[PDB]
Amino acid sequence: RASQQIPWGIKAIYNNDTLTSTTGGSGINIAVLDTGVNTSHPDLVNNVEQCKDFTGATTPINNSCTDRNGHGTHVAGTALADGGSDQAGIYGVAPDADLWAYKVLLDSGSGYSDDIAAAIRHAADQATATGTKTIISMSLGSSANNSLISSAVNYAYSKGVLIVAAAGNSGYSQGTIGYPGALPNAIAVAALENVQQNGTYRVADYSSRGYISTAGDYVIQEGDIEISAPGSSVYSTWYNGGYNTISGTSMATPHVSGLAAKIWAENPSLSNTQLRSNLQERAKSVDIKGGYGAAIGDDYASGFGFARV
């Protein structure tokens, strides 16, 4: 059923060209706030733990999270597909992690800020209620900084949740990074393509860029890119079964949230801040130098670098 069980981006983040399966993430929840997720996909069904809808007339709506788009299923599979109970499917970064599929985007792929904020807060409340470590993964954003979403991100971060979000796809000009990625309390993820330039992976032209003034210090302020990951031509799970290939910072984001789950499960006593620091240090150690604006060190195209296993 799968054309590649181990897509290029999984090999890249594992730094293993002959990787045959992934591992890790046990006990960590990845809340994928997206268009929903195909709950019966062979390669996701073993990890589905929550399924809630934030787009309806009351909220949350439990036991409802249907993907009619594909985007949410695709993102989920990059983070945590497990190969299926027959080992014949695709593997994501953290195949032992739990999936919380929170539908915050309509089937069109666009969502309302109040719904997104509600889901961010709900994920935090569920982390607190269950006593379990949770990563919010948001393959979405806007050029504008909505205060409902910002305040929700702060609330979640205060509860110990890690927030990972797409940089956006409005690049490559300076200052195109969107929100919630551009928030100080969110990890903004840039997209790499499977091309080398200047001896490293290359940032995709579409990936939104941060700002010159605050890049370079390896400390995240508002507007800074943080971590790069594979985003172009990413094969993953799809909403009506099977698989598909799509591109974007949306695809890069779950590589990072999956990596974060893998690291957190290896090191489960870490706070969210400590986990963030570990991820930042991983990225720093793999400097990205390819693509417009990319430079030696921390830069506004690729942030700190490419965090790998």
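Residue indices: 1-based, along the sequence shown.
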{"item": "Criterion, highest CA B-factor; candidates, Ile28, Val32, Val48, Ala252", "value": "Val48"}
{"item": "Out of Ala76, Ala167, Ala144, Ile149, highest CA B-factor residue", "value": "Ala144"}
{"item": "Third assignment of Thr200 from its chain's C-alpha B-factors", "value": "middle"}
{"item": "Chain-wide C-alpha B factor ranking for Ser139, given as lowest, middle or highest third", "value": "lowest"}
{"item": "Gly241 by Cα B-factor - lowest, middle or highest third of the modelled chain", "value": "highest"}
{"item": "Within-chain third of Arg68 by Cα B-factor, per the entry", "value": "middle"}
{"item": "Third assignment of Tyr102 from its chain's C-alpha B-factors", "value": "lowest"}
